[PDB]
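Here's the structure, in structure tokens; my notes come after.
Number of protein chains: 2
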Amino acid sequence: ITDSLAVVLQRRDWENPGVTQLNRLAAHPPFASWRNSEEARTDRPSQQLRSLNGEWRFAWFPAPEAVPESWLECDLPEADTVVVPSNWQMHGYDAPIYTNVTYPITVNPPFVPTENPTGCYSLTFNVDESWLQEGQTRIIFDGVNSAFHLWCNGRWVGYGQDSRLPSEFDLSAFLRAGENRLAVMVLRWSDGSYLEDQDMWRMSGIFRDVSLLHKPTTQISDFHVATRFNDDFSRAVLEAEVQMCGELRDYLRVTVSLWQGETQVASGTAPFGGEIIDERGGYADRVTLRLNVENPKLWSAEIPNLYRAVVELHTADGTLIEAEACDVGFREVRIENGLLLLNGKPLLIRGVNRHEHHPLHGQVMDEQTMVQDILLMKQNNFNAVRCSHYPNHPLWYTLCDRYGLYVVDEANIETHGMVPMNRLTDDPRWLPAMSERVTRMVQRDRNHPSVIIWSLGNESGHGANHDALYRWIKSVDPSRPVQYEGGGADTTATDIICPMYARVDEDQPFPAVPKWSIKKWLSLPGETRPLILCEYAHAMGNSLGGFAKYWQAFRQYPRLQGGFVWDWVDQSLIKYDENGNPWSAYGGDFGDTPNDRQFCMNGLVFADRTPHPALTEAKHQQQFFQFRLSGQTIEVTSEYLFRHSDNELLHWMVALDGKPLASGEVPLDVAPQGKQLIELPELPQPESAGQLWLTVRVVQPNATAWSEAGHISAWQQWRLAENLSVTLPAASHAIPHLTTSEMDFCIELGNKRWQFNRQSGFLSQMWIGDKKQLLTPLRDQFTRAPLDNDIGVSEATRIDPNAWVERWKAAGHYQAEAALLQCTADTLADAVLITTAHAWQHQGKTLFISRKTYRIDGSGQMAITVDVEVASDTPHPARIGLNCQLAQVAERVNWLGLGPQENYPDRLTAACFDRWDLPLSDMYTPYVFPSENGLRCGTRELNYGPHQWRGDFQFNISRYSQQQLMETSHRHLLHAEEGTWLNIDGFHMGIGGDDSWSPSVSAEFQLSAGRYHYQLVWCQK
Amino acid sequence: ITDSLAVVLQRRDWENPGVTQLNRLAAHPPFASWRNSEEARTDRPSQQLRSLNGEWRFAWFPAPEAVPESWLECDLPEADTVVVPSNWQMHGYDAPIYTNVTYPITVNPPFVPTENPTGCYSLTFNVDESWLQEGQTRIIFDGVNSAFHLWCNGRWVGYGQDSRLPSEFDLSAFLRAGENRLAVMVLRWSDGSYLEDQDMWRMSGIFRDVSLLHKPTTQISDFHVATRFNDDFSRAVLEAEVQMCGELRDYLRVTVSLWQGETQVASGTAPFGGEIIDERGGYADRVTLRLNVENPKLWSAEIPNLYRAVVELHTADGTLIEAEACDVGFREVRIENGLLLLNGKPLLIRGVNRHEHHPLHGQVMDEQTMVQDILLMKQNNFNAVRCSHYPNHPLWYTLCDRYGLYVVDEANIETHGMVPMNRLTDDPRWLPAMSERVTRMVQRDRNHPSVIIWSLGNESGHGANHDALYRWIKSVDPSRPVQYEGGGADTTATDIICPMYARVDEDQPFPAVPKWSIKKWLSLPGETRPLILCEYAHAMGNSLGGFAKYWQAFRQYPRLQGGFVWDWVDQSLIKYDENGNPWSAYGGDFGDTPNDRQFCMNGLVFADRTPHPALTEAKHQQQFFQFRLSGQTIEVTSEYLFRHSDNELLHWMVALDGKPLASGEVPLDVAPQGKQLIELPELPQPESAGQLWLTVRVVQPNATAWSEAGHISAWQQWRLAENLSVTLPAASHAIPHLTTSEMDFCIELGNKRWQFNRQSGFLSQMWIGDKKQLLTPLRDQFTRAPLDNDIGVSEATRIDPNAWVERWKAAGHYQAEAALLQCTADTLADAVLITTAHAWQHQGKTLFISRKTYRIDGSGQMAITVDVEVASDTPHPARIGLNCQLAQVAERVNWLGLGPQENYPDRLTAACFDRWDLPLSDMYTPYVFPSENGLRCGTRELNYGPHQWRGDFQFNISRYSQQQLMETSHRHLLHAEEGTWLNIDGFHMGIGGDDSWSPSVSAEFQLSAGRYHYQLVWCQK
């Protein structure tokens, strides 16, 4: 009766931050209740721990109030059979909302909307009579979003908030032998939502596991581990504090044993009863053991040395009541003298922020996915990850512990959408709610070695609540530093200056919360903390420009210990078309309102875990070996702090314009922080013209746990020499004929013919034989289909006049009209010479001026020479080159320049100069939100079909015009055009990326010279 | 229905620390909602604020569950008419429990006993229709102990915990015009009780006021004041931050005006909208004004300069929506360089701890009582008070603000009875509950100038919860320091070393939490904070010995800035006898179990506010003027920091053995921290024998607000000279006759006769004429009826073998038997000489040996000469002297020695040497728990009836034998004995008092010499 919906729902606990839970057990590290020490030691599975994951019955309602009392007693006819865990939006019930800042619901704390999507889950299951004789049977939900009430066998059990941490209830007295039934009612919105405003899809449900754990009556209630070291780490102390619940009987003992493999390293036994703590005594229900470990193997992301710790609760006669365990990693984390140290050396964090996202499963995580992510990261030169912005699925820590990644664990607290940001975090009334989001995290994850820093949440301004919570942590677990960026990045609530999007060299001095240039921030008066960016280098779409600038500061300034790129995966979701064809969806694609569109796609990898090209630029910049070339000696520097180059080979090689002349291989013997000298054999040197390039690669000959054999971990290339070509071509056998007309000029020579339209001034067509080559005339191009960064936050509604695109738009770039100023043909001794001039103007303003000369010679080669003039007072153009639509469509593209991957000017350090050959398909980058892409810089020669262009340029080539790109919201809607679109740039502006909501292109990468010159040679084979 | 007891009670919110309140409004400074600025300015009364204090209907139940649903709807036949506020134990419902540490209920957090005394209060009242048109009508309870549920017009309103702070609910929508009814159900025990384990009577009910406040819809929700100063305090800034609730309309304004009297000093006006705080902006519902004040009058306990601040919320057209106000005191509090400063100078805290206690009303406070207390304190040289151990009744701060006392405001948190002490305070699950006890206190009291330090609670060990809360405060209100003694007195949670019962010179090194000698504590390595004792000098019963030692350190060591004596009033309660006669009751006197007996009586004043003699010793030691005598020049030093001696006269005077020879009066002109020189007139000097004494007194000629005219604020006395008596008496005219017998020796001379019993060796009787003088023989006395300090915590059950009494008991002191060793009479030329010797022994051990000579001469004077030998190995005796029971009973006592008040050896600095004459009645000190009392030291002559004794001794005289004292638990049970009991001590051991649970008598005051000598002269007039 008092179990009635009617009664229960009445209190509206989900509209009250003063009730965060009802009858929930305390937090603690992961338990299994093994009843045999070996299983515990070997991490075998505990029969005392049962999963309730699977098929559950579910029914959706638009408001908690629309639930029928019947539900409590019996299933529902119309209840569907759903799989758990899952996100009900993933099943169709309601839509997922992709909003960033702006809260999904209306801001009226602590109220929530009356229309509040309720999901009723139920499960019928069996409890074995043995579980009811003794012990305690409790239930666990690893993640319920956002809040929920619970009934068992028609009785009300409890309530819980906090989507990202476990809620546990003792079912001990509601359970009946055999058949039991659970009724779980999950509310989408609650007062907890006010604290969960992270930039991500807004979903709901029982999205993490459900389990049953059977514990003895007298049991281990919690335990913590700690490791102290001596000056040189040659000796450690493992300290374990154990607490128990139940009746304390003198025959009770505890044994803590430390294994390393099969080998027991240390063991300790004792009975309950701690040291005197105060005037009343000590804890009789606790015991602390201390094990001495000589020459412990240390844990690090470089070498994840782990031990196993077993905690046995037994009686003195040797009888085991129960056992728990955890992996142990010996490491010390400290900030000392402005530096963050790990095991005594200073880290350089090569990290990334990662959300729990699956395109198919929404926010439900699985082992496979976790592992994939981990390996990609490790393969790509990452050390660390930040749990943006809440505690993750438990297994995560374990994997990191094991594979080796540093983890920053973060409280599930984000109130980004309040005004001001502080509003709740400065309010004592939210102190409790917040408090639980921090404390429980710590109680749960504190024993993992991978966790090296605690974070108070994200973007919730800076309030007195943070200060308190930060102090709490420091008191409770001084083993790790605390960080929080809110309120300016350097408040009293953080041990590290941890801004987001601070530029390297430029300051952004917003009122109250400026973002100084990182190099400058450190030397502000009185400042002494280390600086590590919590988010930097916004990887949204065609991005990552300038990435290297960061890497270089990091390397030059000690107190700049790296940062976390934003972010790992694109938060795109899968949708299906008219023919059961899938496609990547984003903000607002689910009729979701209000929404932030593409803003959910900032990953380095696509939702399927396939990489964006940016990923390489990272990989290379973050590489652990560094090179310098001096004469014919290569100096190698190791950035490893703990390990020796012991699975590393260096391959070297010399080549002249793509042609290999020499190769070597040399095994690296460099210690962490060491140098290795490498002298090269006498290097060949040819008479032939061209550039000679040295390229080196570090290879991992043997496979590791996260890499295959032959994995390349680093590389670098240098230009060694140049033999300039002092050779004049063979005087043409033939001579081209010029046929004039009033419409055009024709040039014929051989089967070849070229036509220039005298009215437009462009080369309108060309034939090889009877076949035409163009579909579109060759013409000047000064624009580009806007990248995400060019656009920023500019919308049709709300225009951002500062966004590059807006400027360009406003100035007429996109709609300027050419103007023939001149077009002449002249006959040279051995060639024809065409000469043109256009002016591009908009509203009587001449933006640019293009002046060319085409010169066709007996060789049947045309040489284009171009010279642009850009008005000082017009926004600098995105680019400067030509384009045209070719008639042909070939299978491959071959070029001699940077590649193989897409590379832009402020994003090309990872690319190598060489001869690349790839399929056309590979020259297009499927950024879900179409834009200019696929560029390759420093090209010297490009070959497509019978064409060959030569010079110094950047280019791109696909089946999509710039216009089509520019006009398609999703990549799935693009259609291949008639032939091949070719864009050949003499120059291209950088892509930026410091952030994606303001101009981020550094000046060095802006086409601001005024005068631009370039030349090409088009010809055939 | 869901309003039903049945439903409500179901959740058992009082057995859950996760629910501290339900539907309670936020905390804030005191509001009145004046609707006229002048009333506000002048503190007139607000018609918008109505008291519901008075006659209420009440009914008591043994368990919440025994309440009848009817109650919600209608009064109860048997409900009585009680007055509110009150403590129901004060009315008879149940008993008050006097327990210290040990919790009243059984320790099973968060559970409470099923038998849980519920008090149902109800009130029928009228609401004026106007209040319901608009605005908000809310209710306030200033104190409900311990927890409660609330209904209005049969509807459930909310719940609340925290006995010592206000709970407010919006009744706006439950109220009906005209007749309304409240039903309040108050639970004695709740999960809140675990946090309220203060050493005091355990009571319950609606013990502070009940009010109704009507506010506008658009109102002032909170406001704070702050004052900054310049280097020399010649200029200040008053800063007021105001927040409002309701709809924000551009025509809204705020005006803050500062008055000094009638004179407006400054005013400021502005509209809502603060400065940018973070990335989202500012508070639109707040405004901060800053007023400049030139040469502000500063507030201090010496001179409570106050201003009035008025906060008006109006529209721009000048229309007043509403006004609030508060008194403002300009002062700066800072710890700087190890010192605690007030307005730039370093305080010396002369303070005391005070509980809210009334012998009649239990824990209900009234203005009269508050005021009495204040004045007594100020009169007695106190500067400050500590709110042991919870927030006090609101008016308190106001009075302190006004009369001038420094206040330490303390959170209502004491978990003394847990094991270890830390148990809850270290538990994250209690963090929220604790949090509210701190935060609300601050939000409420933060604007009072008298509050200069915040305290986190008392005796709750040291947990991570404290650290967080301490940081919170520092963040929120950096204007004051925070202190907390738990966990060792010098933790990271306190800005001041604030121990309790630390001795001056001796260390008490308990494990974990030692108590170093205060002088030593300061120089412990790394230590730099100031030290102020939160409790020192346990004033239980006959106490305060050694008080001066403290005063002297305080004066010599800068970093020793004083302390808080423990405590102000005796927590005794009034009971009535068989004839409606009242008497002072204590622990366990209400059949209360378990209990701490007298432990509740440690005040300096009795519950009726009549002083214990200790009070003087304080007054004198804490005096603000200090003297030194050099020749005939008196040097006066002022300890005032801010004020000039401007109501001070110095009276001086010289006297020879009680006889006045000279007097002066001199006006003091000494500045704070200054010296004044005073040269005395040529001082007379007589030939006559005797001691010449100089005595000076400082007088307050004019009355102040807390003192009458002619109040004496200080004094000091010196001995100037001594003219020794070289005069031999006039050779006796007569000669005494000795008549022997086998039973005794008789001496006759004149009407006078003396008889010494030859079997016992004592003077058994004496006659003047036909009248006998003794009822009991004159005999040696080595014991005393144990003071509270002699006993300590020793009980009959649990004996404390270290307690003085125990030692004495065990050694046979109390039951030793005399032994005539010798008894002889001899005839001298002009006198008779008796000579005796006894041995006191117990179990064949001779404890002491007494050797006398009585010598009676022609003058009819007996001279007693005594010489004791004390065994090295026996506990030192409490005293050494004689006693006897006189037959007479006279009305007065006159003596020449220290007085006039009771004075002991380690407690006599406040006493003066002179001739005192008082009524017998005044020679007895009515300590509720009878013990040795009334002593007066340094006596040279004592007169009672026809007797006169002369020498150097300490003595006491009443109608109660030591034995009667020793055997009566309460003073009300003592009965006057046949005549007058006289105790004349050659020597007396000190009383101690550093604490009352371990030996506190300093060695200098212990009778440890072995050999003791003394002489008397008994005679008549």
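Chains as they are written, first to last, in UniProt numbering: chain A, 4 to 1024; chain B, 4 to 1024.
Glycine included, C-beta positions come from ideal geometry on N, C-alpha and C.
Check                                                                                                                                            : Outcome
I want to know whether the segment 986–996 of chain B touches the segment 518–537 of chain B - three or more CB-CB distances under 8 Å.          : no
Would B/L777 and B/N415 qualify as a contact pair, given that the criterion is a beta-carbon distance under 9 Å?                                 : no
If you measure between the beta carbons of A/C915 and A/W757, is that distance less than 9 Å?                                                    : no
Just by C-beta distance, which residues in the segment 465–477 of chain A are closer than 8 Å to chain B?                                        : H465, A467, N468, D470, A471, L472, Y473, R474, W475, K477
Could you tell me the alpha carbon to alpha carbon distance between B/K775 and B/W898, rounded to whole angstroms?                               : 24 Å
Would you tell me roughly how many angstroms separate the C-alpha atoms of B/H845 and B/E413, rounded to the nearest one?                        : 53 Å
Whole-angstrom Cβ separation of B/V411 and B/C390, contact assumed at under 8 Å?                                                                 : 7 Å
Output needed in chain order: residues of the segment 884–898 of chain A with a Cβ under 7 Å from some Cβ in chain B.                            : none
Answer yes or no: does any C-beta atom of chain B fall closer than 9 Å to that of A/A229?                                                        : no
Using a C-beta cutoff of 9 Å, does B/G795 count as contacting chain A?                                                                           : no
Mind listing which residues of the segment 271–295 of chain A have their C-beta closer than 9 Å to chain B's C-betas, in chain order?            : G277, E278, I279, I280, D281, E282, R283, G284, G285, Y286, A287
Strictly by DSSP, which residues pair up with A/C826?                                                                                            : A/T839
DSSP three-state label for A/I108, please.                                                                                                       : coil
When burial is assigned at 16 or more other CB atoms within 10 Å of the CB, is B/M746 buried or exposed?                                         : exposed
Can you pull out the residues from the segment 422–441 of chain A whose beta carbon lies closer than 7 Å to at least one beta carbon of chain B? : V422, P423, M424, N425, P431, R432, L434, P435, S438
Are the segment 454–466 of chain A and the segment 227–247 of chain A in contact at 8 Å, needing three or more beta carbon pairs?                : no
Closest to A/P878 by CA distance: which of A/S1011, A/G847, A/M437, A/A387 is it?                                                                : A/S1011
If you measure from the beta carbon of B/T23 to each beta carbon in chain A, is any gap under 9 Å?                                               : yes
Relative to the alpha-carbon of B/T707, which residue among B/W554, B/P307, B/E199, B/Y162 has its alpha-carbon at the smallest distance?        : B/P307
Can you find a CB in chain A that lies within less than 9 Å of the CB of B/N805?                                                                 : no
What is the rounded straight-line gap between the Cα of B/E642 and the Cα of B/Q624?                                                             : 12 Å
Per DSSP, what are the beta-bridge partners of A/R184 in this structure?                                                                         : A/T127
Along chain A, which residues have their Cβ under 7 Å away from the Cβ of B/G95?                                                                 : Ordered by position in chain A, no residue passes the 7 Å Cβ test against B/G95, which lies about 35 Å from the chain.
If the cut-off is 8 Å on Cβ atoms, which residues from the segment 510–532 of chain B count as contacting chain A, listed in chain order?        : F513, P514, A515, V516
Checking contacts by CB at 9 Å: is A/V10 closer than that to chain B?                                                                            : yes
What is the DSSP secondary structure of B/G982, reduced to helix, strand or coil?                                                                : coil
At which residues does the alpha helix (DSSP H) containing B/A9 begin and terminate?                                                             : 8–11
Measuring only the C-alpha atoms, how far is B/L824 from B/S999?                                                                                 : 40 Å
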